[PDB]
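[1] Quick one, fold the following:
(chains A and B, ligands or ions: 2)
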2 protein chains.
Amino acid sequence: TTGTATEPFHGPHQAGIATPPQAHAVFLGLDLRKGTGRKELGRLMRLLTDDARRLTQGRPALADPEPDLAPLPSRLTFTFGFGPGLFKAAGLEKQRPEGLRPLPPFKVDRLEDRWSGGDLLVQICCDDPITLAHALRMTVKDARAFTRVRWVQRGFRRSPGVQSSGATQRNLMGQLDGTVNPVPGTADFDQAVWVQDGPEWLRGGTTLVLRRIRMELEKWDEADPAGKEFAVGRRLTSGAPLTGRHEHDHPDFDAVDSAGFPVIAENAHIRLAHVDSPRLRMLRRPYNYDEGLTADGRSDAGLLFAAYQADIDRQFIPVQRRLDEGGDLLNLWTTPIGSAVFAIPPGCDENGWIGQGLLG
Amino acid sequence: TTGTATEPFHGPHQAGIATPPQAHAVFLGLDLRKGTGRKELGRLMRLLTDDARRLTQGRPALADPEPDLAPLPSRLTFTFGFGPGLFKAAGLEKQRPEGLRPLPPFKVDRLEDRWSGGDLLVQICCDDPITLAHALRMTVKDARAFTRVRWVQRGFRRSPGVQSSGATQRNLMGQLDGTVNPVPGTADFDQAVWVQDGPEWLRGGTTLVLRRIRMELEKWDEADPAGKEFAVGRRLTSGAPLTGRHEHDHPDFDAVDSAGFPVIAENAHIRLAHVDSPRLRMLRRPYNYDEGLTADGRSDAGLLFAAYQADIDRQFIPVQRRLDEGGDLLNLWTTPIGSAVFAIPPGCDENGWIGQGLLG
Ligand code: HEM
Ligand code: HEM
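    Numbers count the residues shown, from 1 in each chain, chains lettered A, B, ... in the order given. Ligands and ions are numbered 1, 2, ... in the order given. You can find the structure just below:
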């Protein structure tokens, strides 16, 4: 059995980023109440740090409402993030990274306030949904005095054991999703993900762009399979680039067909999203969402697109701009409906707390 | 693996009842459209039967819009049920069992139309939520011409492999839930679950009472642990009756405390819910639900209470009435907000389809 497995809470980095993605996630987006300043934020982060320290190791939180749901942590992780409004409330604008601001508008955006922004992120990931539901309840119990819930975004991947660790998993459009990514345990990952410049408190942390992206599955069902593959640049079943044979063949962006047109389209998703330098790649760690049906049978499903990077301006915005300005073929069937940005602090040890280097 | 494992679709009984409950479930409640009569119902059930026959074994459905999501069936099962309103639409009123009718009102009820009733049930269970999401889309694709979606209720238990097979699992109140239950593959299970009297088409089937029961978790948090255990009649951690030591000890309903009062309260849940005859028990096969938060951090969570029994009038109603008239202490923290009843036909083989004995 696997319920006893844990991920370390303490370390130079917060868990939940380099951690291989678990089967379930909740992204809890919180707005600070009017009276919540620097002193209140310290009290809150000390509470939440201790909750995570205990629950991730299968021990009840202090004042745990349901202590029997703490054992069997199933690789529970907490990742805390600070939005732009957190720095304002704390009086710490000078410590806010220049790039930590709401993203610029893109033509494809259909953003909704109810899925956007947020002052404080609690990202909770777990291989088990009961453990996760309990961790969320404890988080809200300790946060409620200081914050209001702005949004809660629940997502899933494959259940534990359904696919081998490291095997690429499919999204709700049926596509293999996650082939090209920095790999933990390599110097390129550390360069791409962990902050080294800017405000000193953030060194060893990262940044997160969280975009709720709706999938237009009724339109997708009506699309021709050859057109679906051409829009991405990869085949559906194998995941191989259209220029290759296996999933991990490198896409050949110079290849042309017998008539001279690019094999991978000028506006194919993977062409527009690609960056040459491995050190500038974003870490994509997405979850799928599926929520409810209209009376005439239309789905409400999509992707919780979570991208982690050391620098939003250098590693996220240029890619998103190329997708938008290049007219990504995938935009015919996907629509951004929420967007939020967070600075993710470095990790802590025992006797410390998440955010201590900024708020303490 | 957890992903390649299957459950047989064919047999004397439909799967998903005696099948040990998988990690995820969706209960899809459908209403028949105006033009959907007996002829349209037969066509619909033949379509859904063939979809299930294929998808449960990891093969794409006919005209599958995302066939790459069919492999890794992860113990997918489908269970189809017919509500009271289906029989009038088929012109088969005299084939409706006497006991197939909405439950009578109970004082604790706060039922909502959006969680209640329904002409046709598709219960889809699976160890994997991506497989389940795809199965749901395939079901809706084939049913939407003949029906409208009345509700969709998603629930979860532990992820696969978190606990050993057969071990009792906890609900969102932290309670072990499922201790006293007919065991699949036993004579008592067959007597309690599978219909043997009444209209011939239903023999080998069962009936389902599906109740969405909200847990008042904020009030539950205000309760002391002694009161929580007293309200049920069992200890939280061990699951043992208050009169015993281990989970599977028989409760001693005659034992009294030092004050001469029953150890298991006169209005304790397990006393009011208990039936002496194993052949009259109901099979409880519940799922947990957790859906969204108010701005002030109030949860929307509870139990998808699914009870299967050969006779609702003899096996469900008397228990539910005793909980209501007896003033079950658990009623302080639980509220029924939806209720639906279905007749579940017997299984089929490779030559037939679900409901053929009624609709063919
Ligand atoms: C619902 C929306 C989206 C879907 C369904 C989707 C799907 C995919 C697929 C199937 C691939 C190819 C396999 C892989 O390497 O993972 C891919 C690659 C990629 N996607 Fe997306 N994507 C979405 C949104 C986005 C967005 C908003 C970005 C913004 C930056 C993005 C960035 C990337 C990158 C950087 C790659 C790697 C391309 C390469 O270098 O080969 N994706 N995506
Ligand atoms: C609504 C939320 C409910 C919760 C949280 C709940 C919880 C529990 C718990 C903790 C037990 C003891 C362990 C076990 O044997 O499973 C139990 C037993 C039982 N419950 Fe419930 N229950 C709920 C609703 C209901 C309802 C509506 C019924 C209606 C029939 C019911 C029928 C039973 C039965 C028959 C037993 C076995 C009693 C025995 O013979 O020992 N439960 N329940």
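[2] Could you list which residues are in contact with residue A:313?
    A:98-99 (CB atoms under 8 Å, 6 or more residues apart in numbering or on different chains). All C-beta spots, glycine's among them, are computed from the backbone N, C-alpha and C.
[3] What separation is there between residue A:137 and residue B:215?
    11 Å (CB to CB, to the nearest Å).
[4] Oh, that last question was meant for residue A:77, not what I typed.
    Distance from residue A:77 to residue B:215, counting by CB to CB: 26 Å.
[5] Can you tell me the element residue A:265 falls in?
    Using DSSP states H and E, residue A:265 falls within no helix or strand.
[6] Correct me if wrong: it contacts residue A:271.
    Yes: judged on CB atoms under 8 Å, residue A:265 makes contact with residue A:271 at a distance of 6.8 Å.
[7] shared neighbours of the two, which are they?
    Applying CB under 8 Å, 6+ apart, one finds that residue A:265 and residue A:271 are jointly contacted by residue A:233.
[8] Do a quick rundown of the strands in the stretch 1-150 of chain A.
    Under the criterion DSSP state E, counting those that start in this stretch, the stretch 1-150 of chain A contains strands at A:24-32, A:77-82, A:120-126, A:147-156.
[9] got these as CSV, with distance to ligand 1 and mean neighbour count columns?
    Shown next, in CSV, are those (distance: least, CB to the nearest ligand atom, whole Å; neighbours: other CB atoms under 10 Å in any protein chain shown):
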stretch, distance to ligand 1, mean neighbour count
strand A:24-32, 16, 25
strand A:77-82, 18, 26
strand A:120-126, 18, 26
strand A:147-156, 12, 21
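[10] Kindly reformat these as CSV containing distance to residue B:305.
    Output for those, formatted as CSV (distance: least, CB to CB, whole Å):
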stretch, distance to residue B:305
strand A:24-32, 23
strand A:77-82, 31
strand A:120-126, 25
strand A:147-156, 22
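[11] Minimum distance to residue A:296: which of the ones you listed has it?
    Closest to residue A:296 of the strands of the stretch 1-150 of chain A, according to CB to CB: strand A:147-156, at 24.4 Å.
[12] ok, so what distance separates the residue of the stretch 151-300 of chain A found nearest ligand 2 from residue B:160?
    Per CB to the nearest ligand atom, residue A:154 is where the stretch 151-300 of chain A lies closest to ligand 2, at 21.9 Å. Note on residue A:154: its distance to residue B:160, by CB to CB, is 19 Å.
[13] can you check residue A:120 too?
    Taken as CB to CB, the span from residue A:120 to residue B:160 is 33 Å.
[14] just residue A:325 next, same as before
    Here residue A:325 is placed at a distance of 44 Å from residue B:160 (CB to CB).
[15] Ok, residue A:212 next?
    Residue A:212 sits at a distance of 28 Å from residue B:160 (criterion: CB to CB).
[16] ranges for the helices of chain A?
    Ranges of helices in chain A, per DSSP state H, are A:38-55, A:84-90, A:129-143, A:187-193, A:217-221, A:225-232, A:269-273, A:312-315, A:317-325, A:356-359.
[17] show me the contacts for the residue in the stretch 1-150 of chain A positioned nearest to ligand 2.
    Closest approach of the stretch 1-150 of chain A to ligand 2 (CB to the nearest ligand atom) occurs at residue A:68, with a separation of 11.4 Å. Residues near residue A:68 by CB under 8 Å, 6+ apart: B:170, B:174-175, B:236-237.
[18] if you set the cut-off to 6 Å instead, what comes out?
    Applying CB atoms under 6 Å, 6 or more residues apart in numbering or on different chains to residue A:68 gives the contacts B:174, B:236-237.
[19] got a winner among the residues you listed for most neighbours?
    In terms of neighbours by other CB atoms under 10 Å in any protein chain shown, the contacts of residue A:68 top out with residue B:174 at 21 neighbours.
[20] any chance of the contacts of residue A:68 in JSON lines, plus distance to chain A?
    Below are these laid out as JSON lines (distance: CB to the nearest CB, whole Å):
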{"residue": "B:174", "distance to chain A": "4"}
{"residue": "B:236", "distance to chain A": "5"}
{"residue": "B:237", "distance to chain A": "6"}
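[21] deepest of the helices of chain A, which one?
    Across the helices of chain A, averaging neighbours per residue (mean count of other CB atoms under 10 Å in any protein chain shown) puts helix A:129-143 on top, at a mean of 24.
[22] which helices and strands does that helix pack with?
    The contact analysis (3 or more CB pairs under 6 Å, 6 or more residues apart in numbering or on different chains; DSSP states H and E) places helix A:129-143 against strand A:24-32, helix A:38-55, strand A:120-126.
[23] what's the angle from the first one to strand A:77-82?
    The one in question is strand A:24-32. 30 degrees (axes from the mean of the first three to the mean of the last three CA atoms, to 10 degrees).
[24] Work out the sheet partners of strand A:24-32 and label each with its direction, please.
    Here strand A:24-32 is paired, per DSSP bridges, with strand A:120-126 (antiparallel), strand A:147-156 (antiparallel).
[25] what about the longest one, distance to the chain center?
    Taking CA atoms, centre = their mean, to the nearest Å, the mean C-alpha location of strand A:147-156 is offset from the chain mean by 13 Å.
[26] Give me the neighbour count for residue A:105.
    The local packing of residue A:105 (other CB under 10 Å) involves 10 other residues.
[27] let me redo that: residue A:200
    The burial count for residue A:200: 10, using other CB under 10 Å.
[28] which one is it nearest to, not counting chain neighbours?
    residue A:357 (7.7 Å; CB to CB, 6 or more residues apart in numbering or on different chains).
[29] if I look at that neighbour, how far off is residue B:102?
    From residue A:357 to residue B:102 the distance is 60 Å (CB to CB).
[30] List the residues that contact the residue sitting nearest the centre point of chain A.
    In chain A, the residue lying closest to the centroid (CA atoms, centre = their mean) is residue A:306, at 2.2 Å. When contacts are counted by CB under 6 Å, 6+ apart, residue A:306 is found next to A:210, A:285-286.
[31] That one bridge partners, please.
    Under the criterion used here (DSSP bridges), residue A:306 is bridged to residue A:210.
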